Amino acid sequence: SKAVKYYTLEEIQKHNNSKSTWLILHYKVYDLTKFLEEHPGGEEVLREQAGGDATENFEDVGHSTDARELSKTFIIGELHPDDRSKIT
Ligand code: HEM
């Protein structure tokens, strides 16, 4: 169970609500569904970014090393290589 899992942006855009909230950070895909109520910055800022890239939003508000480590709980795979050029 160690092989990479790729998701297309097309698929990621469908996961946009509290039953299944995904987003992308630095080409990695996270399922934050069980994190929404735990996030110190609140649920809304996460819901607003669901189904897309939130890398600049994440980096712009100075997330700590502790935040970066914690994000590993929610990683489900990587952005498909063919979609990485869409993330600007
Ligand atoms: C999987 C990713 C995320 C995790 C694990 C996470 C975790 C955390 C943690 C632990 C904090 C407390 C402060 C810190 O340790 O830096 C925090 C604060 C915050 N986060 Fe996140 N965060 C994530 C994604 C995001 C995203 C995508 C946004 C923006 C859309 C966001 C917006 C904020 C804001 C605004 C605060 C509050 C800052 C403050 O008032 O001091 N976070 N986050």
Side-chain angles (χ1 to χ4, degrees):
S1 329
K2 249 140 47 166
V4 186
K5 294 144 91 276
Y6 296 107
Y7 299 81
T8 58
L9 186 57
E10 171 178 12
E11 176 66 31
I12 292 163
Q13 292 181 330
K14 297 167 168 167
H15 297 267
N16 56 195
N17 62 37
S18 51
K19 313 214 98 84
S20 197
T21 288
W22 292 10
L23 51 77
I24 304 161
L25 305 170
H26 314 279
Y27 298 148
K28 288 173 166 178
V29 186
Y30 302 78
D31 182 348
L32 299 186
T33 302
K34 285 175 189 301
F35 185 58
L36 296 181
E37 287 189 69
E38 312 311 323
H39 177 232
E43 171 166 358
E44 244 114 307
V45 291
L46 301 181
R47 309 287 302 243
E48 284 168 1
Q49 298 301 313
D53 181 57
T55 302
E56 302 154 62
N57 307 80
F58 183 86
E59 294 299 335
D60 283 358
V61 70
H63 277 96
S64 69
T65 296
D66 305 289
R68 298 185 190 283
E69 295 179 295
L70 166 64
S71 74
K72 298 175 185 177
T73 304
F74 306 110
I75 187 147
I76 59 176
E78 305 205 342
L79 187 60
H80 188 100
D82 290 344
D83 289 329
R84 286 180 197 199
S85 63
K86 292 165 184 177
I87 312 302
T88 46

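Each residue takes its place number in the sequence, starting with 1. Numbering of ligands and ligand atoms starts at 1, following listing order.
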Side-chain contact, heavy-atom cut-off 4.5 Å: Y7 with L79?
no

Can you tell me if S20 uses its side chain to pair, donor with acceptor, with the backbone of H15 under 3.5 Å?
no

The side-chain contact (heavy atoms from CB on, under 4.5 Å) partner of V29 among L9, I76, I75, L23 is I76

Please state which protein non-hydrogen atom is closest to atom 4 (C) of ligand 1 and give its distance, to 0.1 Å?
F35 CE2, 3.5 Å

What are the two closest heavy atoms between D82 and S85, and how far apart are they?
O-OG, 4.0 Å

Can you tell me if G42 has a non-hydrogen atom under 4.0 Å from ligand 1?
no

Can you list the ligand 1 atoms lying under 4.0 Å from a non-hydrogen atom of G62?
16 (O)

To check your reading of the model: name the closest protein heavy atom to atom 1 (C) of ligand 1, its residue, and the distance in Å.
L32 CD2, 3.6 Å

Under 2.8 Å from atom 21 (Fe) of ligand 1, protein N/O/S atom count?
2

Is any heavy atom of the protein nearer than 4.0 Å to atom 39 (C) of ligand 1?
no

If we set the cut-off at 4.0 Å for heavy atoms, which region of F74 has an atom near ligand 1: side chain, backbone, both, or neither?
neither

Looking at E11 and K14, does any basic side-chain N land under 4.0 Å from a carboxylate oxygen?
yes

Only one of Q49, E43, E44 passes side chain to side chain donor-acceptor pair (under 3.5 Å) with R47; say which it is.
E43

Specify the closest pair of heavy atoms between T21 and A50, including all atoms of both residues, with the distance to one decimal.
CG2-CB, 3.7 Å

Any luck finding a side-chain donor-acceptor pair between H80 and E10 under 3.5 Å?
no

If you scan the protein for heavy atoms around atom 14 (C) of ligand 1, do you find one that is closer than 4.0 Å?
yes

Please check whether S64 reaches ligand 1 - meaning an N/O of the residue sits under 3.5 Å from an N/O of the ligand, judged on distance alone.
yes

Hey, which atoms in ligand 1 end up nearer than 4.0 Å to a heavy atom of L25?
1 (C), 2 (C)

Under 4.5 Å side-chain linkage, directly or through intermediates, the cluster mates of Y6:
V4

Could you list which atoms of ligand 1 come closer than 4.0 Å to a heavy atom of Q49?
30 (C)

Residues pairing under ring pair (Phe, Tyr, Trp, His ring centres under 6.0 Å) where one sits in residues 37-59, two or more places apart or in two chains, turn out to be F35-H39, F58-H63

Any salt bridge (charged side-chain N to carboxylate O under 4.0 Å, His left out) pairs touching residues 20-40, not counting sequence neighbours?
none

For atom 29 (C) of ligand 1, grab the closest protein heavy atom and report residue, atom and distance to one decimal in Å.
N57 CB, 3.9 Å

